[PDB]
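For reference, the structure discussed in these notes is given below.
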Amino acid sequence: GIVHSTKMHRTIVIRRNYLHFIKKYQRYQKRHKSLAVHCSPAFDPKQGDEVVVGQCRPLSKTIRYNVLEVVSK
Amino acid sequence: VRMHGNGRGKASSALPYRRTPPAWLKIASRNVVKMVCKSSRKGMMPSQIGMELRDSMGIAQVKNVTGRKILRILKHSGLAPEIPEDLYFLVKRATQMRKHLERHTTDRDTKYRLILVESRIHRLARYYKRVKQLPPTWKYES
Amino acid sequence: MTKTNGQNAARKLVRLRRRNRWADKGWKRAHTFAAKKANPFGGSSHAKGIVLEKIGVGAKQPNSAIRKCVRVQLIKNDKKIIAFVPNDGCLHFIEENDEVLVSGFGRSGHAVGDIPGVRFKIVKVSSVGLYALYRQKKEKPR
Amino acid sequence: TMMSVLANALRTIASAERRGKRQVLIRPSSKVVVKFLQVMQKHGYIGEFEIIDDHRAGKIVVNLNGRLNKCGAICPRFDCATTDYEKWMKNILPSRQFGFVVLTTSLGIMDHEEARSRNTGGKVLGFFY
RNA sequence: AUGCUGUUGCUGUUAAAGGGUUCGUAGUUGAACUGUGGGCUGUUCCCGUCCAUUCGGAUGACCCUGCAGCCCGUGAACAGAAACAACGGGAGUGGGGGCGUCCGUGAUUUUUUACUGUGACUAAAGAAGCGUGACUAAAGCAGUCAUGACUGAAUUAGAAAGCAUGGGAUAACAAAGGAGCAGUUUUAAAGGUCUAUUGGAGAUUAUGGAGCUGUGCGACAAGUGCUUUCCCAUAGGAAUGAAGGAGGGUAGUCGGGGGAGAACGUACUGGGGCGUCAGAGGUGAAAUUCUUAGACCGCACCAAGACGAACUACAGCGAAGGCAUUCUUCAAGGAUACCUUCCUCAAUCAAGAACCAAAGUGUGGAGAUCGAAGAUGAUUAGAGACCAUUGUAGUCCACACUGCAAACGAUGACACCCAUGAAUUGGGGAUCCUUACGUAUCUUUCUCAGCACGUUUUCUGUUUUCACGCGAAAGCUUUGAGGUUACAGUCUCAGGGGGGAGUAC
RNA sequence: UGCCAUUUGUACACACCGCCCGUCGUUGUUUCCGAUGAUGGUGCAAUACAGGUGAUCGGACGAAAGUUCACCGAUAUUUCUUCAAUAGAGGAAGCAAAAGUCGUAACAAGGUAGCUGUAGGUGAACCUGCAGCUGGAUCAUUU
RNA sequence: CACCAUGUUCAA
Ligand SMILES: *O[C@H]1[C@H](O)[C@@H](N)[C@@H](O[C@H]2[C@H](O[C@@H]3O[C@H](CO)[C@@H](O[C@H]4O[C@@H](CN)[C@@H](O)[C@H](O)[C@H]4N)[C@H]3O)[C@@H](O)[C@H](N)C[C@@H]2N)O[C@@H]1CO
Ligand SMILES: NC[C@@H]1O[C@H](O[C@H]2[C@@H](O)[C@H](O[C@@H]3[C@@H](O)[C@H](N)C[C@H](N)[C@H]3O[C@H]3O[C@H](CO)[C@@H](O)[C@H](O)[C@H]3N)O[C@@H]2CO)[C@H](N)[C@@H](O)[C@@H]1O
Ligand SMILES: NC[C@@H]1O[C@H](O[C@H]2[C@@H](O)[C@H](O[C@@H]3[C@@H](O)[C@H](N)C[C@H](N)[C@H]3O[C@H]3O[C@H](CO)[C@@H](O)[C@H](O)[C@H]3N)O[C@@H]2CO)[C@H](N)[C@@H](O)[C@@H]1O
Ligand SMILES: NC[C@@H]1O[C@H](O[C@H]2[C@@H](O)[C@H](O[C@@H]3[C@@H](O)[C@H](N)C[C@H](N)[C@H]3O[C@H]3O[C@H](CO)[C@@H](O)[C@H](O)[C@H]3N)O[C@@H]2CO)[C@H](N)[C@@H](O)[C@@H]1O
Ligand SMILES: [Mg+2]
Ligand SMILES: [Mg+2]
Ligand SMILES: [Mg+2]
Ligand SMILES: [Mg+2]
Ligand SMILES: [Mg+2]
Ligand SMILES: [Mg+2]
Ligand SMILES: [Mg+2]
Ligand SMILES: [Mg+2]
């Protein structure tokens, strides 16, 4: 995903942007999913940084993923 | 001016195919950089430097004589304007319209044309902030 | 001047079509609930009712007759309607306070040609069929 | 403004060919619009064409030989699988005998007949017949 | 059935339908460029020397994709440069150097996504169908054959997402905005930093490997000449290009474009000043109305408020409403010219903004003329109308509000291609498919090296009678309603039989 | 008064003795407004609170009855919100029906050209003022 | 440019 907001303490919200194909109108459609991802203090990702997240257990009400690598800018 | 208004006017300068100085001019590439950087110390903006070299020195297209462009020569020397030349003359136009409109409260046409120049200002300043020629906090006057 | 291409323009085309299907009087009647809540039959067919009174409805121009029809009050929702009695005779088979089985006739509730403002039809009176009484297949109870 | 340069070029070829001209002047040009024309040369629908060099985008002068009926561009460039060639032939081509659908594939810009033989798929660019 | 829901695939000048005009976000769409290589071998005329005089003659042309090996741009070699992209607790008891694998671990500088080809996984019943005379068939999975035999129940499509892998055209995400920038090896020397062996293990201990930085020195490069460049007698030149896309600049400008000041012009009224005398007015005919306390008329003038005749047109300006005397001013606008600058900044638009005729509204002015309402005449069967005489609100200005037009071209915006002949407005320039060519008129002591014209080019604008093509037709036609069943350049708004009804909430 | 031809306009077509508009009467229908009347559910949160669960005591005969507290919470009642239905004096709009009344607005220069916007007037079609439009009854007259 | 309003219902 790409980092959307880092305003929470030690947790980021990533944004996963994808094109949804409609079988009727032979055309794609921009959709997105946002995920709250726990971010370790090993990492400091800014907004727009591309991260790799790995699924883990529930860590809060919404956190299922956990950042593994940050690709800067 | 096509962007605001109905004008389909096509009046431009058509640059030559043969991008080479004409061999009758013996001025060095080193001296043209001195003349370009000198005119900027007399307060001339890059569009005005090039006409003075075009008209009087015989240097059509400073890029062909010295391999880099006029504003690039100025940025290297530290003599670039603070805000770009496009944005300068649109702001300088927009303040001269507003100083008119403060005493002429019902100039209905110039209030319309002032919307159009400020729409050009907010649309260029979005370009220059994106391309980082302008600081992110820039924010035109009115 | 009509529609949009673009490989990523499907949300525009999906929204554009879902609003223009409401202009279709078949799509709008099949997808709004004023269709059944105002239909005197409860979105169904052949509703029963009780004969209240006999009416002679005069035919529209250029025809000239009076059409023999009863006004019945339905049992499932207590809605008063006027319904036509088809054949030569056949108000002689209907008396007041008779239960009658009333269908529409023809055109999905749009008043088959000559008769003004009547869009239903008697099928069966006193739980014996009304066309069977006409052809004398069988006769009325009691 | 001009959006598709290939759709511009094929529209000026097809217009000047129904007028029965001997040459067209195509402006602007691309790498795509010359690779489309070289498909139209190989199956002899156009003649020799010439790319004039500006230091701008070029211009192309195409010699027409009367054989082209219609060339057009499919916009947007729909993705076409290998199972989908017989669907695109029935839609935009007049017959299965003649006529070509040009596709941009990984292997290059090819017509539909070559791309069926090399077992590839692509995005559809245009057609000529 | 219904291309009557249109992605394929609909309509929108007049049949229902382009929204009054601009700006404008979300949205959708978006110009070109960095390249796909090469070698060998196959596979009769016409042009001249004699005749003839507004018409003849004997006398140099042409004709004979296919397989292999490439430092795979050119440099540079004859393994080095170019371009590239250590664990035995490992392997069915470890397959004296080289070669090359396998497995797992460390150190070294980075490219994805859509698309597309193959796979891997994916319950029957249902669909497709392979066998088979349940008597046929709908079925079903069975059965078929001469102390048991060959057994059958084959196979295929099944949405998207998920998994693996290779192809690199088209597109996409991201970053950059280019002064904001990323010298390689031999050699010996100085200083200085926190594991493996000596039989093991523990504790001390100097030497050394490889790395750390400040040097001198030996080779070779360098995409920008330092045997230079400035001074005077010190990295600064290596960057795609400049879109018949946008922006900005400079230049004479052009126009009923807009704002602000003054000043003119007749006219409609109303006044007095001069004179006149018997009716003026108005109409299809009249009558309301004015008039011997002098109407109408005539002359000069004054006042006030509107309005700028003719010139004034298939003319100009403006985004649309709209704009018509003059002179002094204020800020602008487009076009044109350009070898100026910039370098993708754009197109179109829900939401949101600012304008928007006339009538209307509020508060102040103004109040000449025309004049909804109203009043009188008349016409009429009636006249609440047309016609005549009046007359309130209004008309006009300032500042607010409204936002309702046949706001029209009943035609959305931006690009593209598109035959012909008169004109017109502003700017500029000349006087076997050809290697080029034509210039008059008249005004001219100062907004005057001037003004207008003539012939010809060319850009921008408003159009006209004229080739395709199109349309149900009327008609449209580089100004599309053309380039459309041979149907896809981009975006956007509206329509879906007539009503009810632009009504009710 | 009629007829014939040409031009032009037309909503006429058994064709101007044509067609056609609104008010008003009669009958029937479906909506809407309306003092007032009233129904079924939701949600909101307020108390009261059946039961139980856990704890604390209890300890008749280890362990029943019973205390007390916390928690889950049905139900009851009230407060507004919200959805769906419903009665109503009276006041309207619309539509539909063989030949009732009043005019004549539109179609022709429909006899005052029509029509758009707006404002005011009228039994009723409608008239009137102002600015637009031609879909006009003119593609046209200081060259 | 005085006034000049209207002709029941189907059908042929
Ligand atoms: O921009 C012009 C274009 O480049 C060019 N194709 C031209 O087309 C015609 C040309 O038509 C116009 O005739 C007009 C004269 O009646 C003339 O206008 C010109 O008039 C001159 C005198 N005033 C000039 O001074 C003026 O600037 C200019 N506007 C032409 O424009 C014909 O004359 C030719 N015979 C044929 C060309 N095809 O028209 C474009 C603008 O209309
Ligand atoms: N307007 C009323 C019309 O009546 C129809 O109603 C029904 C009938 O009128 C109609 O019956 C038709 C019959 O009229 C016509 N003459 C022949 C046709 N085969 C029949 O059809 C019927 O009978 C066959 C048997 O062969 C059945 O197989 C078939 O499914 C059935 N539709 O088929 C319909 C099925 O009962 C439509 N349901 C209705 O939508 C439509 O509006
Ligand atoms: N429930 C409200 C009622 O509405 C009534 O009002 C009725 C009338 O005022 C009103 O009049 C309608 C009218 O809308 C429409 N424009 C014309 C229609 N003919 C009339 O209809 C009425 O009048 C006629 C008599 O001529 C009757 O035959 C008819 O049944 C009756 N509904 O329609 C209403 C009923 O449809 C009464 N005021 C009263 O009973 C009560 O208020
Ligand atoms: N029906 C709703 C409306 O009624 C109005 O008009 C209605 C009435 O005013 C009109 O009345 C007409 C009248 O024009 C004409 N002068 C005389 C004629 N007899 C009347 O007719 C009416 O009444 C009789 C019974 O009396 C009915 O048989 C007849 O069907 C009906 N039209 O008939 C119409 C009824 O259909 C509107 N003009 C119209 O817009 C609309 O149709
Ligand atoms: Mg190893
Ligand atoms: Mg440019
Ligand atoms: Mg006077
Ligand atoms: Mg006087
Ligand atoms: Mg009269
Ligand atoms: Mg008057
Ligand atoms: Mg008549
Ligand atoms: Mg009458």
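Following the order of the structure tokens, chains are lettered A, B, ..., residues in each are numbered from 1, and ligands are numbered from 1.
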task: Please identify which residues in chain C DSSP calls strand (DSSP E) from the backbone, and express them as a ChimeraX atom specification.
output: /C:47-58,66-74,80-84,99-104,120-125,128-129
Just N, CA, C and O atoms for this one: save the residues we selected as a compact mmCIF listing (two decimals), in the first residue's frame.
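File written: again_17.txt
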```
# COMPACT_ATOMS: atom_id res chain seq x y z
N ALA C 47 -58.72 -10.21 -7.93
CA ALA C 47 -59.14 -10.00 -6.55
C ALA C 47 -60.65 -10.12 -6.40
O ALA C 47 -61.41 -9.68 -7.26
N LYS C 48 -61.09 -10.72 -5.30
CA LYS C 48 -62.51 -10.82 -4.98
C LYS C 48 -63.05 -9.54 -4.38
O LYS C 48 -62.33 -8.78 -3.73
N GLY C 49 -64.35 -9.33 -4.57
CA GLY C 49 -65.04 -8.18 -4.02
C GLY C 49 -66.52 -8.47 -3.95
O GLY C 49 -67.01 -9.47 -4.47
N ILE C 50 -67.24 -7.55 -3.31
CA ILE C 50 -68.68 -7.64 -3.10
C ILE C 50 -69.36 -6.62 -4.00
O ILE C 50 -69.00 -5.44 -3.97
N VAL C 51 -70.36 -7.06 -4.77
CA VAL C 51 -71.12 -6.14 -5.62
C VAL C 51 -71.93 -5.18 -4.76
O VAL C 51 -72.71 -5.60 -3.89
N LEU C 52 -71.76 -3.89 -5.00
CA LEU C 52 -72.46 -2.82 -4.30
C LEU C 52 -73.69 -2.32 -5.05
O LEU C 52 -74.74 -2.13 -4.43
N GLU C 53 -73.58 -2.12 -6.36
CA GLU C 53 -74.58 -1.40 -7.14
C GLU C 53 -74.25 -1.61 -8.61
O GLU C 53 -73.10 -1.89 -8.96
N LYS C 54 -75.26 -1.50 -9.46
CA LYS C 54 -75.13 -1.65 -10.90
C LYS C 54 -75.09 -0.29 -11.58
O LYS C 54 -75.87 0.61 -11.24
N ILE C 55 -74.18 -0.14 -12.55
CA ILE C 55 -73.94 1.13 -13.23
C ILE C 55 -74.11 0.90 -14.73
O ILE C 55 -73.79 -0.17 -15.24
N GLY C 56 -74.67 1.88 -15.42
CA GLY C 56 -74.60 1.88 -16.86
C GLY C 56 -73.66 2.96 -17.32
O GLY C 56 -73.98 4.15 -17.23
N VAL C 57 -72.49 2.58 -17.80
CA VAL C 57 -71.48 3.52 -18.26
C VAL C 57 -71.65 3.70 -19.76
O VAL C 57 -71.53 2.74 -20.53
N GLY C 58 -71.92 4.93 -20.18
CA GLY C 58 -72.11 5.20 -21.59
C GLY C 58 -70.79 5.15 -22.34
O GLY C 58 -69.75 5.58 -21.84
N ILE C 66 -74.69 1.92 -23.66
CA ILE C 66 -74.33 2.00 -22.25
C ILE C 66 -73.82 0.62 -21.84
O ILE C 66 -74.45 -0.40 -22.12
N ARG C 67 -72.64 0.61 -21.23
CA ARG C 67 -71.93 -0.60 -20.88
C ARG C 67 -72.35 -1.05 -19.50
O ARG C 67 -72.29 -0.28 -18.54
N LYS C 68 -72.79 -2.30 -19.40
CA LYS C 68 -73.35 -2.83 -18.16
C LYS C 68 -72.21 -3.25 -17.25
O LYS C 68 -71.45 -4.16 -17.56
N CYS C 69 -72.10 -2.58 -16.10
CA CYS C 69 -70.97 -2.83 -15.22
C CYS C 69 -71.40 -2.60 -13.78
O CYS C 69 -72.30 -1.82 -13.50
N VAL C 70 -70.73 -3.30 -12.88
CA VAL C 70 -71.04 -3.24 -11.46
C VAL C 70 -69.93 -2.47 -10.76
O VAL C 70 -68.81 -2.38 -11.25
N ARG C 71 -70.26 -1.88 -9.62
CA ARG C 71 -69.25 -1.32 -8.73
C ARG C 71 -69.09 -2.27 -7.55
O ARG C 71 -70.06 -2.59 -6.87
N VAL C 72 -67.86 -2.74 -7.35
CA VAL C 72 -67.60 -3.74 -6.32
C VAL C 72 -66.60 -3.18 -5.33
O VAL C 72 -65.83 -2.27 -5.64
N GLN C 73 -66.64 -3.70 -4.11
CA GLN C 73 -65.71 -3.30 -3.07
C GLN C 73 -64.89 -4.51 -2.67
O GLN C 73 -65.44 -5.49 -2.18
N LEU C 74 -63.58 -4.42 -2.87
CA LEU C 74 -62.71 -5.57 -2.74
C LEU C 74 -62.57 -5.98 -1.28
O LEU C 74 -62.81 -5.19 -0.37
N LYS C 80 -63.01 0.51 -3.41
CA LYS C 80 -64.15 0.53 -4.31
C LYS C 80 -63.66 0.72 -5.74
O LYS C 80 -62.87 1.62 -6.01
N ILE C 81 -64.09 -0.16 -6.63
CA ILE C 81 -63.74 -0.09 -8.04
C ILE C 81 -64.99 -0.37 -8.86
O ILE C 81 -65.97 -0.91 -8.36
N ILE C 82 -64.93 0.00 -10.13
CA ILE C 82 -65.98 -0.30 -11.09
C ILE C 82 -65.41 -1.31 -12.08
O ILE C 82 -64.30 -1.12 -12.58
N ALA C 83 -66.16 -2.38 -12.33
CA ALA C 83 -65.69 -3.48 -13.16
C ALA C 83 -66.77 -3.88 -14.15
O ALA C 83 -67.95 -3.90 -13.80
N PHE C 84 -66.35 -4.23 -15.36
CA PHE C 84 -67.25 -4.53 -16.46
C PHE C 84 -67.74 -5.97 -16.41
O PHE C 84 -67.05 -6.86 -15.93
N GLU C 99 -70.51 -11.99 -3.99
CA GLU C 99 -69.07 -12.07 -4.13
C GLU C 99 -68.73 -12.38 -5.58
O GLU C 99 -69.33 -13.26 -6.20
N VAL C 100 -67.85 -11.58 -6.15
CA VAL C 100 -67.45 -11.72 -7.54
C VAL C 100 -65.94 -11.77 -7.60
O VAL C 100 -65.26 -11.14 -6.79
N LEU C 101 -65.42 -12.54 -8.54
CA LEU C 101 -63.99 -12.68 -8.74
C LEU C 101 -63.63 -11.82 -9.93
O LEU C 101 -64.09 -12.07 -11.05
N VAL C 102 -62.84 -10.79 -9.70
CA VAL C 102 -62.67 -9.68 -10.63
C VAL C 102 -61.23 -9.69 -11.11
O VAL C 102 -60.33 -9.48 -10.31
N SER C 103 -61.02 -9.87 -12.40
CA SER C 103 -59.70 -9.68 -12.96
C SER C 103 -59.61 -8.32 -13.62
O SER C 103 -60.61 -7.62 -13.76
N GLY C 104 -58.41 -7.95 -14.04
CA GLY C 104 -58.28 -6.88 -15.01
C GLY C 104 -58.71 -7.37 -16.37
O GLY C 104 -59.08 -8.52 -16.55
N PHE C 120 -61.35 -3.11 -15.03
CA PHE C 120 -61.42 -4.43 -14.44
C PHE C 120 -62.61 -5.16 -15.04
O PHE C 120 -63.40 -4.59 -15.78
N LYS C 121 -62.75 -6.44 -14.70
CA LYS C 121 -63.66 -7.31 -15.42
C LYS C 121 -64.12 -8.45 -14.53
O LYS C 121 -63.31 -9.06 -13.83
N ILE C 122 -65.41 -8.76 -14.56
CA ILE C 122 -65.97 -9.85 -13.77
C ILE C 122 -65.64 -11.17 -14.44
O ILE C 122 -65.86 -11.35 -15.64
N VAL C 123 -65.11 -12.12 -13.66
CA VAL C 123 -64.78 -13.44 -14.17
C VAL C 123 -65.71 -14.52 -13.62
O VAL C 123 -66.03 -15.47 -14.34
N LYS C 124 -66.22 -14.35 -12.41
CA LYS C 124 -66.82 -15.45 -11.68
C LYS C 124 -67.69 -14.83 -10.60
O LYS C 124 -67.22 -13.98 -9.86
N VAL C 125 -68.96 -15.22 -10.54
CA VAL C 125 -69.91 -14.66 -9.59
C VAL C 125 -70.50 -15.78 -8.74
O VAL C 125 -70.86 -16.83 -9.27
N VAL C 128 -69.15 -19.45 -9.00
CA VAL C 128 -69.37 -20.18 -10.23
C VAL C 128 -69.01 -19.25 -11.38
O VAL C 128 -69.19 -18.03 -11.28
N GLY C 129 -68.41 -19.80 -12.43
CA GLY C 129 -67.83 -18.98 -13.48
C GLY C 129 -68.88 -18.26 -14.31
O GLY C 129 -69.89 -18.84 -14.70
```
- prompt: Residues within 10 Å of ligand 1 (only C-alpha atoms (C1' of nucleotides) and all ligand atoms), as a PyMOL selection string?
  reply: chain E and resi 421-428+453-454+456-461
Would you output that residue set with C-alpha atoms (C1' of nucleotides), as a PDB file, in the first residue's frame?
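Output (result.pdb):
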```
ATOM      1  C1'   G E 421     -16.087  32.113 -56.695  1.00  0.00           C
ATOM      2  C1'   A E 422     -17.527  37.537 -55.308  1.00  0.00           C
ATOM      3  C1'   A E 423     -16.802  40.341 -51.338  1.00  0.00           C
ATOM      4  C1'   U E 424     -15.788  42.504 -45.904  1.00  0.00           C
ATOM      5  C1'   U E 425     -13.141  43.955 -40.888  1.00  0.00           C
ATOM      6  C1'   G E 426      -8.373  44.435 -38.098  1.00  0.00           C
ATOM      7  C1'   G E 427      -2.696  43.154 -38.406  1.00  0.00           C
ATOM      8  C1'   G E 428       1.572  41.979 -41.303  1.00  0.00           C
ATOM      9  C1'   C E 453      -6.296  53.473 -53.371  1.00  0.00           C
ATOM     10  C1'   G E 454      -4.572  49.468 -57.263  1.00  0.00           C
ATOM     11  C1'   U E 456      -0.930  40.161 -55.123  1.00  0.00           C
ATOM     12  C1'   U E 457       0.422  37.055 -50.761  1.00  0.00           C
ATOM     13  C1'   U E 458      -0.772  35.494 -45.810  1.00  0.00           C
ATOM     14  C1'   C E 459      -2.933  35.184 -40.434  1.00  0.00           C
ATOM     15  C1'   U E 460      -7.562  36.411 -37.229  1.00  0.00           C
ATOM     16  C1'   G E 461     -12.733  37.587 -37.134  1.00  0.00           C
TER      17        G E 461
END
```
- request: May I ask you to extract the residues of chain A within 10 Å of chain C, using only C-alpha atoms, and to give them as an MDAnalysis selection string?
  value: chainID A and resid 19:31
Can I get the selected residues back with C-alpha atoms, as a CSV table (one decimal), in the first residue's frame?
```
chain,number,residue,atom,x,y,z
A,19,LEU,CA,-8.9,-0.6,-10.8
A,20,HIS,CA,-12.2,-2.5,-10.8
A,21,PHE,CA,-13.3,-3.8,-14.2
A,22,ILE,CA,-17.0,-3.7,-15.0
A,23,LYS,CA,-18.0,-6.6,-17.3
A,24,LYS,CA,-20.8,-4.6,-18.8
A,25,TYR,CA,-19.2,-1.3,-19.6
A,26,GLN,CA,-15.9,-2.5,-20.9
A,27,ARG,CA,-14.1,-0.1,-18.7
A,28,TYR,CA,-12.2,0.1,-15.4
A,29,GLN,CA,-13.1,2.0,-12.2
A,30,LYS,CA,-10.9,3.5,-9.6
A,31,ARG,CA,-11.6,2.1,-6.2
```
- request: Kindly work out which residues sit at most 10 Å from ligand 5, using only C-alpha atoms (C1' of nucleotides) and all ligand atoms, and give the list as a PyMOL selection string.
  value: chain E and resi 86-87+90+101-104
I need the residues from that last selection saved to file as a PDB file, in the first residue's frame (with N, CA and C atoms (P, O5', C5', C4', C3', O3' and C1' of nucleotides)), if you can.
```
ATOM      1  P     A E  86      35.636 -18.240   1.503  1.00  0.00           P
ATOM      2  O5'   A E  86      36.028 -18.409   3.034  1.00  0.00           O
ATOM      3  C5'   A E  86      35.728 -19.610   3.729  1.00  0.00           C
ATOM      4  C4'   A E  86      34.546 -19.435   4.645  1.00  0.00           C
ATOM      5  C3'   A E  86      33.742 -20.688   4.951  1.00  0.00           C
ATOM      6  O3'   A E  86      34.295 -21.516   5.956  1.00  0.00           O
ATOM      7  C1'   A E  86      32.272 -18.997   4.296  1.00  0.00           C
ATOM      8  P     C E  87      34.036 -23.099   5.913  1.00  0.00           P
ATOM      9  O5'   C E  87      32.537 -23.267   6.418  1.00  0.00           O
ATOM     10  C5'   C E  87      32.176 -22.900   7.738  1.00  0.00           C
ATOM     11  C4'   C E  87      30.810 -23.402   8.107  1.00  0.00           C
ATOM     12  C3'   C E  87      30.569 -24.888   7.973  1.00  0.00           C
ATOM     13  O3'   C E  87      31.172 -25.660   8.996  1.00  0.00           O
ATOM     14  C1'   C E  87      28.689 -23.695   7.184  1.00  0.00           C
ATOM     15  P     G E  90      24.304 -32.448   7.976  1.00  0.00           P
ATOM     16  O5'   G E  90      23.540 -31.611   6.863  1.00  0.00           O
ATOM     17  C5'   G E  90      23.886 -30.256   6.611  1.00  0.00           C
ATOM     18  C4'   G E  90      23.291 -29.751   5.322  1.00  0.00           C
ATOM     19  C3'   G E  90      23.059 -30.811   4.247  1.00  0.00           C
ATOM     20  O3'   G E  90      22.002 -30.361   3.400  1.00  0.00           O
ATOM     21  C1'   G E  90      24.528 -29.233   3.423  1.00  0.00           C
ATOM     22  P     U E 101      27.387 -23.626 -12.567  1.00  0.00           P
ATOM     23  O5'   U E 101      26.169 -24.124 -11.672  1.00  0.00           O
ATOM     24  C5'   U E 101      26.388 -24.758 -10.423  1.00  0.00           C
ATOM     25  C4'   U E 101      25.822 -26.153 -10.412  1.00  0.00           C
ATOM     26  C3'   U E 101      24.818 -26.444  -9.317  1.00  0.00           C
ATOM     27  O3'   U E 101      23.514 -25.988  -9.615  1.00  0.00           O
ATOM     28  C1'   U E 101      26.435 -28.153  -9.348  1.00  0.00           C
ATOM     29  P     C E 102      22.689 -25.164  -8.513  1.00  0.00           P
ATOM     30  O5'   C E 102      22.493 -26.204  -7.325  1.00  0.00           O
ATOM     31  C5'   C E 102      21.717 -27.376  -7.509  1.00  0.00           C
ATOM     32  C4'   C E 102      21.627 -28.199  -6.249  1.00  0.00           C
ATOM     33  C3'   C E 102      21.216 -27.461  -4.993  1.00  0.00           C
ATOM     34  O3'   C E 102      19.832 -27.167  -4.946  1.00  0.00           O
ATOM     35  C1'   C E 102      22.984 -28.954  -4.504  1.00  0.00           C
ATOM     36  P     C E 103      19.332 -25.707  -4.501  1.00  0.00           P
ATOM     37  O5'   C E 103      19.404 -25.758  -2.916  1.00  0.00           O
ATOM     38  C5'   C E 103      18.631 -26.702  -2.198  1.00  0.00           C
ATOM     39  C4'   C E 103      19.202 -26.986  -0.832  1.00  0.00           C
ATOM     40  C3'   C E 103      19.402 -25.796   0.081  1.00  0.00           C
ATOM     41  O3'   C E 103      18.214 -25.266   0.630  1.00  0.00           O
ATOM     42  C1'   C E 103      21.308 -27.150   0.177  1.00  0.00           C
ATOM     43  P     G E 104      17.851 -23.732   0.346  1.00  0.00           P
ATOM     44  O5'   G E 104      18.314 -22.988   1.663  1.00  0.00           O
ATOM     45  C5'   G E 104      17.777 -23.363   2.913  1.00  0.00           C
ATOM     46  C4'   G E 104      18.815 -23.265   3.994  1.00  0.00           C
ATOM     47  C3'   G E 104      19.419 -21.890   4.221  1.00  0.00           C
ATOM     48  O3'   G E 104      18.602 -21.032   4.993  1.00  0.00           O
ATOM     49  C1'   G E 104      21.142 -23.452   4.067  1.00  0.00           C
TER      50        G E 104
END
```
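Taking only C-alpha atoms (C1' of nucleotides) and all ligand atoms into account, the protein and nucleic acid residues that come at most 12 Å from ligand 8 are residues 269, 270, 271, 272, 273, 274, 275, 294, 295, 296, 297, 298, 299, 300, 301 and 302 of chain E.
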